[PDB]
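Asks: Below you'll find the structure I mean.
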Amino acid sequence: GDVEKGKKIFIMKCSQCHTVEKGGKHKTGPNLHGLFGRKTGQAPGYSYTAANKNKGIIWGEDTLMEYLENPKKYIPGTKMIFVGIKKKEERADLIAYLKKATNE
Ligand code: HEC
């Protein structure tokens, strides 16, 4: 659950658009502050993707490990430009970091 690594990653992996900082902006990507344990297409006043609502799942440790793996797949029509991840520990750490960031 490397938090230091996930930091460098997110920094230039997701953070690029996302924002693990309460009060984030609806930039290229939505905020990621408490995304764990909440429904999708919730961010009010956002231009979410037609696939962001379509899915309509409960984000978490699984939905992620699965989603992250393939964002395009999971969300067909998502703007989230991301190839995906493979390394388990990579997703386990990256996710961990968040658990310390969003869930600091
Ligand atoms: C900007 C180019 C992005 C990058 C890089 C990443 N994400 Fe993203 N994400 C982006 C958008 C515009 C959206 C909405 C469209 C959709 O339905 O996906 C998302 C959505 C997600 C979601 C779902 C809702 C939410 O969490 O806010 C998750 C769980 C998510 N994205 C996670 C995530 C992670 C961990 C990334 C790097 C590993 C990542 N995103 C990259 C835009 C962008």
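Residues in the structure tokens are numbered from 1 in each chain, the chains being A, B, ... in the order shown, and ligands are numbered from 1 in the order shown.
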Let me see if you get this right: every residue at most 8 Å from ligand 1, counting only C-alpha atoms and all ligand atoms, written as number ranges by chain.

Replies: A: 9-10, 12-18, 27-32, 35, 40-41, 43, 48-53, 55, 59, 63-64, 67-68, 71-72, 75, 77-82, 84-85, 91, 94-95

Asks: Emit the selected residues as a PDB file, in the first residue's frame, including C-alpha atoms.

Replies:
```
ATOM      1  CA  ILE A   9       1.744   8.303  -9.760  1.00  0.00           C
ATOM      2  CA  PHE A  10      -1.454  10.206  -9.073  1.00  0.00           C
ATOM      3  CA  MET A  12       1.141  12.565 -12.926  1.00  0.00           C
ATOM      4  CA  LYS A  13      -1.353   9.758 -13.404  1.00  0.00           C
ATOM      5  CA  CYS A  14      -4.789  10.896 -12.298  1.00  0.00           C
ATOM      6  CA  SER A  15      -4.191  14.043 -10.282  1.00  0.00           C
ATOM      7  CA  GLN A  16      -3.368  15.463 -13.692  1.00  0.00           C
ATOM      8  CA  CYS A  17      -7.071  16.151 -14.058  1.00  0.00           C
ATOM      9  CA  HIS A  18      -8.581  14.812 -10.855  1.00  0.00           C
ATOM     10  CA  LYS A  27     -11.395  20.407 -14.587  1.00  0.00           C
ATOM     11  CA  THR A  28     -10.808  17.863 -17.326  1.00  0.00           C
ATOM     12  CA  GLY A  29     -11.607  15.433 -14.537  1.00  0.00           C
ATOM     13  CA  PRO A  30     -13.973  15.404 -11.550  1.00  0.00           C
ATOM     14  CA  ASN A  31     -12.902  15.732  -7.935  1.00  0.00           C
ATOM     15  CA  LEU A  32     -11.763  12.685  -6.000  1.00  0.00           C
ATOM     16  CA  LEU A  35     -15.422   9.127  -4.074  1.00  0.00           C
ATOM     17  CA  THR A  40     -21.485   8.086  -9.617  1.00  0.00           C
ATOM     18  CA  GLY A  41     -22.708  11.040 -11.643  1.00  0.00           C
ATOM     19  CA  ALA A  43     -20.899  15.756  -8.761  1.00  0.00           C
ATOM     20  CA  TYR A  48     -19.977  14.245 -16.530  1.00  0.00           C
ATOM     21  CA  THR A  49     -19.902  11.783 -19.403  1.00  0.00           C
ATOM     22  CA  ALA A  50     -23.000  10.061 -20.730  1.00  0.00           C
ATOM     23  CA  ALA A  51     -21.208   6.931 -19.580  1.00  0.00           C
ATOM     24  CA  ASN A  52     -20.491   8.409 -16.169  1.00  0.00           C
ATOM     25  CA  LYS A  53     -24.171   8.081 -15.346  1.00  0.00           C
ATOM     26  CA  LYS A  55     -22.670   2.818 -15.336  1.00  0.00           C
ATOM     27  CA  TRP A  59     -17.029   3.079  -6.316  1.00  0.00           C
ATOM     28  CA  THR A  63     -15.248  -1.280  -8.563  1.00  0.00           C
ATOM     29  CA  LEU A  64     -11.932   0.519  -8.862  1.00  0.00           C
ATOM     30  CA  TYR A  67     -12.627   0.055 -13.426  1.00  0.00           C
ATOM     31  CA  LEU A  68      -9.094   1.409 -13.309  1.00  0.00           C
ATOM     32  CA  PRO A  71     -11.714   3.057 -17.738  1.00  0.00           C
ATOM     33  CA  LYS A  72     -12.803   3.150 -21.362  1.00  0.00           C
ATOM     34  CA  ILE A  75     -17.185   3.726 -18.986  1.00  0.00           C
ATOM     35  CA  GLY A  77     -17.688   7.104 -23.889  1.00  0.00           C
ATOM     36  CA  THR A  78     -15.600   8.478 -21.047  1.00  0.00           C
ATOM     37  CA  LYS A  79     -13.232  11.350 -21.735  1.00  0.00           C
ATOM     38  CA  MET A  80     -10.873  10.061 -19.070  1.00  0.00           C
ATOM     39  CA  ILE A  81      -7.886   9.478 -21.319  1.00  0.00           C
ATOM     40  CA  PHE A  82      -6.249   6.480 -19.688  1.00  0.00           C
ATOM     41  CA  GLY A  84      -5.169   1.384 -17.797  1.00  0.00           C
ATOM     42  CA  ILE A  85      -3.103  -0.457 -15.215  1.00  0.00           C
ATOM     43  CA  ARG A  91      -3.193  -0.355  -8.157  1.00  0.00           C
ATOM     44  CA  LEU A  94      -1.985   3.937  -5.917  1.00  0.00           C
ATOM     45  CA  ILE A  95      -5.363   3.269  -4.347  1.00  0.00           C
TER      46      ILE A  95
END
```

Asks: When you look at residue 96 in chain A with a cut-off of 12 Å (counting only C-alpha atoms), what residues show up, excluding the ones that are within fewer than 2 positions of it in the same chain? I need them as a VMD selection string.

Replies: chain A and resid 1 to 7 9 to 10 36 60 to 61 64 to 65 88 to 94 98 to 104

Asks: Write the residues you've just listed into a file as a PDB file, in the first residue's frame, and include C-alpha atoms for each of them.

Replies:
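The resulting result_20.pdb:
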```pdb
ATOM      1  CA  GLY A   1       0.000   0.000   0.000  1.00  0.00           C
ATOM      2  CA  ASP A   2       2.847   2.333  -0.884  1.00  0.00           C
ATOM      3  CA  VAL A   3       1.485   5.816  -0.300  1.00  0.00           C
ATOM      4  CA  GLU A   4       4.648   7.592  -1.380  1.00  0.00           C
ATOM      5  CA  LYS A   5       4.584   5.911  -4.770  1.00  0.00           C
ATOM      6  CA  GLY A   6       0.885   6.357  -5.432  1.00  0.00           C
ATOM      7  CA  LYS A   7       1.686  10.001  -4.795  1.00  0.00           C
ATOM      8  CA  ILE A   9       1.744   8.303  -9.760  1.00  0.00           C
ATOM      9  CA  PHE A  10      -1.454  10.206  -9.073  1.00  0.00           C
ATOM     10  CA  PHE A  36     -15.144   5.978  -1.994  1.00  0.00           C
ATOM     11  CA  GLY A  60     -14.744   1.369  -3.829  1.00  0.00           C
ATOM     12  CA  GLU A  61     -11.786  -0.987  -3.690  1.00  0.00           C
ATOM     13  CA  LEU A  64     -11.932   0.519  -8.862  1.00  0.00           C
ATOM     14  CA  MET A  65      -9.482  -2.342  -9.247  1.00  0.00           C
ATOM     15  CA  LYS A  88      -1.767  -5.295  -8.828  1.00  0.00           C
ATOM     16  CA  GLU A  89       0.523  -3.797  -6.214  1.00  0.00           C
ATOM     17  CA  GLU A  90       0.564  -0.728  -8.430  1.00  0.00           C
ATOM     18  CA  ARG A  91      -3.193  -0.355  -8.157  1.00  0.00           C
ATOM     19  CA  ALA A  92      -3.073  -1.477  -4.544  1.00  0.00           C
ATOM     20  CA  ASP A  93      -0.554   1.220  -3.704  1.00  0.00           C
ATOM     21  CA  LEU A  94      -1.985   3.937  -5.917  1.00  0.00           C
ATOM     22  CA  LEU A  98      -5.758   7.918  -2.116  1.00  0.00           C
ATOM     23  CA  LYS A  99      -7.025   6.248   1.035  1.00  0.00           C
ATOM     24  CA  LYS A 100      -4.514   8.554   2.680  1.00  0.00           C
ATOM     25  CA  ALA A 101      -5.251  11.495   0.416  1.00  0.00           C
ATOM     26  CA  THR A 102      -8.998  11.571  -0.119  1.00  0.00           C
ATOM     27  CA  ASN A 103      -9.379   9.602   3.091  1.00  0.00           C
ATOM     28  CA  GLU A 104      -6.608  11.359   4.978  1.00  0.00           C
TER      29      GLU A 104
END
```

Asks: Determine which residues of chain A receive a DSSP assignment of helix (DSSP H, G or I), computed from the backbone, and state them as a VMD selection string.

Replies: chain A and resid 3 to 11 50 to 55 62 to 69 71 to 74 88 to 101

Asks: Could you state the separation of CA of residue 22 in chain A and CA of residue 57 in chain A in Å, given to one decimal place?

Replies: 22.1 Å

Asks: Record the distance separating CA of residue 25 in chain A and CA of residue 86 in chain A, expressed in Å with one decimal.

Replies: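 Distance reported for this atom pair: 28.4 Å.
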